[PDB]
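Each chain is listed here by its residues.
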Amino acid sequence: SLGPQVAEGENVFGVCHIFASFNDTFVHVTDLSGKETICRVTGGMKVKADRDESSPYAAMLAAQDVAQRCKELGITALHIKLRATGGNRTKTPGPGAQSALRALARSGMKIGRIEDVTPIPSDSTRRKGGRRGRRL
Amino acid sequence: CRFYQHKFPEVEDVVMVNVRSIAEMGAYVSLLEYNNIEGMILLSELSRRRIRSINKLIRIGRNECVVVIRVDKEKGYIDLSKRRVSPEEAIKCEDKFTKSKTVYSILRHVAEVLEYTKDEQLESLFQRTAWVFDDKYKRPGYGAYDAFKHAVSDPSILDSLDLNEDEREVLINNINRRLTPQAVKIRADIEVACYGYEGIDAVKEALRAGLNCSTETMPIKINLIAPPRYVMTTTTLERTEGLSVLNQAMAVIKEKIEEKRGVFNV
Amino acid sequence: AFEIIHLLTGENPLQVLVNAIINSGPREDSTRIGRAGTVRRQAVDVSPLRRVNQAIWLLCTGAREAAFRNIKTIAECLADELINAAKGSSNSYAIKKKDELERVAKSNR
Amino acid sequence: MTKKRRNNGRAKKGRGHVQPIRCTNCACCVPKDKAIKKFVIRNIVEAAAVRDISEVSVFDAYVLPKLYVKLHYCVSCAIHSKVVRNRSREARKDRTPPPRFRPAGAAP
Amino acid sequence: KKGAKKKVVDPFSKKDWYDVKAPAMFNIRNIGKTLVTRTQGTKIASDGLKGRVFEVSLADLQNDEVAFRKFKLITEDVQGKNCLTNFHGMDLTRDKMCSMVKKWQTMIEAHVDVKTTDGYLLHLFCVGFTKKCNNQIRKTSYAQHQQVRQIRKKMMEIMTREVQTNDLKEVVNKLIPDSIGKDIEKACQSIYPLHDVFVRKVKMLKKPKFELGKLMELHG
Amino acid sequence: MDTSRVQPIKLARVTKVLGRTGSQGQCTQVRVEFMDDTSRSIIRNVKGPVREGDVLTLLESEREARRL
RNA sequence: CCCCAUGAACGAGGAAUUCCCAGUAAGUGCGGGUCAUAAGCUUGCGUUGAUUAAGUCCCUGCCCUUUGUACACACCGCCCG
RNA sequence: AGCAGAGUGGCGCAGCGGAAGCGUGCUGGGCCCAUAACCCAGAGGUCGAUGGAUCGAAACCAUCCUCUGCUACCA
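Cut-offs and rules
- Residues numbered from 1 in each chain as written, not as in the entry; some residues may be left out.
- Chains lettered and ligands numbered in written order.
- Part of a larger assembly, values for the part shown.
- Heavy atoms only, no water.
- Residues with missing side-chain atoms left out of burial classes, pairs and counts.
- UniProt positions renumbered as here; feature names shortened; annotations may be inferred.
- Axes fitted to C-alpha atoms, helices over the stretch in contact; angles between N-to-C directions.
- Helix = DSSP H or I, 4+ residues; strand = E, 2+ residues; numbered from the N terminus.
- Left-handed = near helix turned anticlockwise from the far one by under 90°.
- Contact = heavy atoms within 4.5 Å.
- Nonpolar A, V, L, I, M, F, W, Y, C, P; charged D, E, K, R; others polar.
- Pairing = 2+ DSSP bridges.
- Buried < 20%, exposed > 50% of the residue type's maximum accessible area, 1.4 Å probe, protein only.
- Near = heavy atom within 4 Å.
- Polar contact = N/O pair within 3.5 Å; in protein donor to acceptor, adjacent residues only side chain to side chain.
- Buried area = accessible area lost by both parts, 1.4 Å probe.
- Salt bridge = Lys/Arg side-chain N within 4 Å of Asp/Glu carboxyl O.

- Determination of this PDB entry was carried out by cryo-EM to a resolution of 6 Å, according to the record.

- Taking the PDB entry as the reference, chain D is identified by name as 40S ribosomal protein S26 belonging to Oryctolagus cuniculus.
- Anyone opening this PDB entry will find it titled "Structure of a Mammalian DHX29-bound 43S Pre-initiation Complex".
- Looking at the Function (literature references left out) heading of the UniProt record, one finds this comment for chain D: "Component of the small ribosomal subunit. The ribosome is a large ribonucleoprotein complex responsible for the synthesis of proteins in the cell."
- For the record of chain D, the UniProt heading Sequence similarities holds the text "Belongs to the eukaryotic ribosomal protein eS26 family."

- Per the PDB entry, the recorded name for chain C is Small ribosomal subunit protein uS7, and the organism is Oryctolagus cuniculus.

Brief notes about the packing of helix α2 (residues 56–73) of chain A against helix α3 (residues 98–107) of chain A
Residues and elements named next belong to chain A.
So, point 1. Relative orientation of the contacting elements α2 and α3 amounts to 35°, with a least axis distance of 8 Å. Crossing of α2 against α3: the hand is right-handed. Side by side, α2 and α3 meet where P56, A59, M60, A63, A67 and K71 of the first sit next to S99, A100, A103, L104 and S107 of the second.
So, point 2. For the contact of α2 with α3, a count of residues per class yields eight nonpolar, two polar and one charged.

Digging into the sheet that holds strand β7 (residues 83–90) of chain E
Residue and element names in this part refer to chain E.
So, point 1. Ordered by their spatial adjacency, five strands build an open sheet running β3-β2-β7-β6-β5, and the pairing between neighbours is mixed. On the outer flanks of this sheet lie β3 (30–32) and β5 (54–56), each paired with one strand and no other.
So, point 2. Judged from the seven bridges that link them, strand β6 (residues 71–78) and β7 form a sheet pairing that is antiparallel. Its bridge partner lying in β7, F71 is registered against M90.

What about the UniProt feature "binding site: Zn(2+)" in chain D?
So, point 1. Per the UniProt entry, the sites bearing "binding site: Zn(2+)" are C23, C26, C74 and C77 of chain D in this numbering. These annotated residues cover 55 residues of sequence, and their C-alpha atoms all fall within 8.3 Å of one another, placing them together at a single site.
So, point 2. Those residues in contact with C26 of chain D that lie beyond four places of it in its chain are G133 and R134 of chain A together with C74 and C77 of chain D.
So, point 3. Overall, the relative accessible area of 13% leaves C77 of chain D in the buried class.

Some words on the protein's contact with RNA strand G
So, point 1. Every residue lining RNA strand G is accounted for by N53 and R69 of chain C, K4, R87, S88, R89 and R92 of chain D together with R20, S23, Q24, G25 and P49 of chain F.
So, point 2. Here a phosphate oxygen of RNA strand G and a backbone polar atom of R89 of chain D are 3.4 Å apart.
So, point 3. Within the side chain of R92 of chain D, an N or O atom sits 3.3 Å from a sugar or linking oxygen of RNA strand G.
So, point 4. Split into classes, the residues belonging to the surface near RNA strand G amount to one nonpolar, five polar and six charged.

With respect to the sheet that holds strand β9 (residues 121–129) of chain E
Residues and elements named next belong to chain E.
So, point 1. Pairing is antiparallel in the open sheet, where three strands are placed in the order β8-β9-β10. A single partner strand is all that each edge strand has here, and the edge strands are β8 (107–115) and β10 (197–202). For this sheet, the mean inter-axis angle between neighbouring strands, taken without regard to orientation, is 25°.
So, point 2. Inspection of the sheet shows β8 paired to β9 by nine bridges, in the antiparallel sense. Pairing of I108 across the sheet is with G128, part of β9.
So, point 3. Those strands touched by helix α2 (residues 145–164) are β8, β9 and β10, and its axis lies near 30° from that of β8.

What to know about the protein's contact with RNA strand H
All names here are of chain B.
So, point 1. Around RNA strand H sit 15 residues, and of these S53, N55, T102, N174 and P181 come closest.
So, point 2. Within 4 Å of the protein, atoms of RNA strand H come from sugar and phosphate in 78% of cases.
So, point 3. Contacts to RNA strand H include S53, whose side-chain N or O atom sits 2.5 Å from a phosphate oxygen.
So, point 4. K56 places a polar side-chain atom, nitrogen or oxygen, 3.1 Å from a phosphate oxygen of RNA strand H.
So, point 5. Sorting the residues of the surface near RNA strand H by element identifies α1 (87–113) and α4 (167–178) as the ones contributing at least two each.
So, point 6. Counting residues per element, the surface near RNA strand H draws most heavily on α1, at four residues.
So, point 7. Here the residues of the surface near RNA strand H are counted per class, giving three nonpolar, four polar and eight charged.

Looking at the interface of chain A and chain D
So, point 1. Chain A puts 28 residues into the contact, and the matching count from chain D is 24 residues.
So, point 2. Here chain A and chain D share an interface that buries about 2,200 Å² over both sides, 61% of which is from carbon and sulfur atoms.
So, point 3. Together, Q98, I114 and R127 of chain A form the three largest contributors to the area buried by chain A at its contact with chain D, with a combined 26%.
So, point 4. Taken together, the connections running from chain A to chain D amount to two salt bridges.
So, point 5. Salt-bridge contacts for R106 of chain A lead to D52 of chain D; the nearest nitrogen and oxygen are separated by 3.8 Å.
So, point 6. Scanning the region where chain A abuts chain D turns up nine residue pairs in polar contact.
So, point 7. Of all the elements, α3 of chain A adds the most residues to the side of chain A that touches chain D, at five residues.

Below, the structure is given as structure tokens:
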């Protein structure tokens, strides 16, 4: 796999786009622009049980593979963008947010920056569940 | 011995097992979709809903369809799961289980006579014969049964590669006994409503001409079910060669009867 | 046991036993956790003191099991069981049952 | 009819109606003045993963950003999650917040 | 049953690396690297490479310290494995914007649509917060409604004067140290002291023609 | 593509015991020092009776404990 | 009670469930009790002698406080069409 | 007479190329102070005849008979 012709003293910086919350974890490594991208792995692909897709180790096992293919190509460092679901929903990270970072960093990849990005309305449309909401 | 083309299962493949014990942590089970190798099922990945009873689900002495989730190739630990199973997969796996049983029973007659004092005997027969039959036609969805079924109806398939002895008679007998009698569901649909009195002899000329370009001595099966309906089960091949026999014959009877008086059903 | 182990392979027959204990002790283990009135499992680690206690239990069950209808005496069975544990080969009751636990611990984790 | 609380369990004074808010856990409608409000400030990174991220970061001293979440609970969810507890007749009059650590330094 | 090759597609050995160069106003101009697919006659490299956005920090494009005031940059032209950029609008981080907002303050906001000396058109968004004052014993810092509407009026007046005059580049030069925001903080000080002024967004709404001569001035 | 590539067997030692957890007290929270990095520390759940200063055999340090 | 002969089920046990933390569990014998003749019972005694835990409120139950109640024959209560 | 089903191993329905299959019932046990609900445990045995392949046939496949279901006539 052909990387760029220098990366010896510099690094090449990708964006990691970690997805958060329940019943799902994505890790989707992209360009700086985000226009084009590389491999994309889910916790539903590592673990099949339909109930461990949000688990810590399923998120770790995902990033443990994705981080190999990064360095295989020539992407060595990562800026990080987070995404919790939002849009008048839970708007809080899942379990597999803390998890994937700890695994991918110690696999050998560099971390450049980290930030929160979540789609938060300035007040928008009514939430599913009705007036009385879920119970049981 | 092995019932399957590969000795060890892969990853995400549908298989069959037979329960021999029930574990605390799931179910330890023997395969009968491969060798008698061990595979472990786990309790968590059996269903997505509660479980009151436990012997009204899995119990000993049951064929159960399952998916191989992981395998340790070197150690021989076949991790297993029953969580992802659809009834469509069960139909596909039951067929492959049943077809392998009959094919291995054919490849047991071979071992009745030859040196089989050691268990590995059938393994020797299996690898050399089975693979060249099924590998050539696995990509199109055929098992080694297709290759043998083709040999009985046209013998060049089993003469294209090493032909065994005494096998050929039992092979022919078992193919021709079990996969026949062998069959035509050809029935003619004919409707007539004559004002004729010469219709009785008119029909006789029409009946004997069910297949054009055949000898006058051709045996056929005439059937009378009702007065206007004339059913002729035409020459019995496989119903993919007697299509012209069925279609064009219907035109004969309806045409022959209109010439002798009045209008009829077409 | 030691007598049979020494004739049979030829070692200081305690080094056999020490390998047999160390090779039979689990590296990770599961336990139960109560959620929704339904069985869920959690992977956890294990003490060194637990490993020793478990490994001594497991191999002793092997020789007890084998000699329950065999012509072979328990001494013969036990010395065989320490060989196949000391050099892993999965013909023992121990190294089988060790790997069963770890195979579970991978799944639910 | 016995009155358990002088305030009827809400902060409505001199007002006719108050806009409802949705509970974060159960989506139930609760008046904004009856909702149990918890501001949660957390680092984006968990304390264990701070070392690994500082070693892999291209910057020698990166200041980690914070998550700012305003949680809105109904009374039922706040009791179930043990955010609020049952209090004696007298201890219900007390409005002092329970003391936390002390302060936002180090271990907490 | 095919041609030469070998096996799987390796769509990442058919891709071509590039570089992305910033204006001369930035001390470090080496933004980073991207890739597009090699040219085909059904869709060429440059047509799949233009019209992107490039989030870049300010303390990363301006070595070095600040941790926000992120800028968006679009590739308007390609030149022989170097992708030249142009201003598109600035934005701000979330955490900084969140941390300043807190209880017992009154938040003050306003915007304007404004035109440059050139053909660029911008739509700036600013913010002010009330000061927790010098030696309050009071636990509030709330202000009257009359006072607020003055502060908003005077926050527009400053931000139109400095952006209606002064061409596209000189706008950017005033926003990097934040001279714009700081000017408002002192000018409103008499009618309420105020700590903080930032411009949380600017959105380049319309822009004029390419203009190659004006283009290369920025990368001179 | 096939199976997985995994980390090698780690060894990490106790610095302190914290308290017992689980729904019958069967799990034990513990703090452990990584035994190659002296400023690194992770919290774990360990089943067996432990004292302090004894060494464990971790298969990964990706996993981390919380409470349940 | 003794002698000879006859030689069955039973080849480790479903759903469930009992009891036990140190000379303790388990194995093993003996004395006393009832007794004209007679312990597979009960009550005591020696002898051989482990594994596992150093915990918890999950289940079952109990003590203390706070809270709610149309209950006081006390939830096995009470009560609606 | 064309088509369809069956010719019990408790009942009723009859499931498929591995010798009771499904549903139900009866009888007994378990849980509970007790009942219901819930959980377990049963039972002499070519499954109308004549044949073939088969390790084996209610069940793998034929040749016959009878009873019924739908359609319907010879008489």
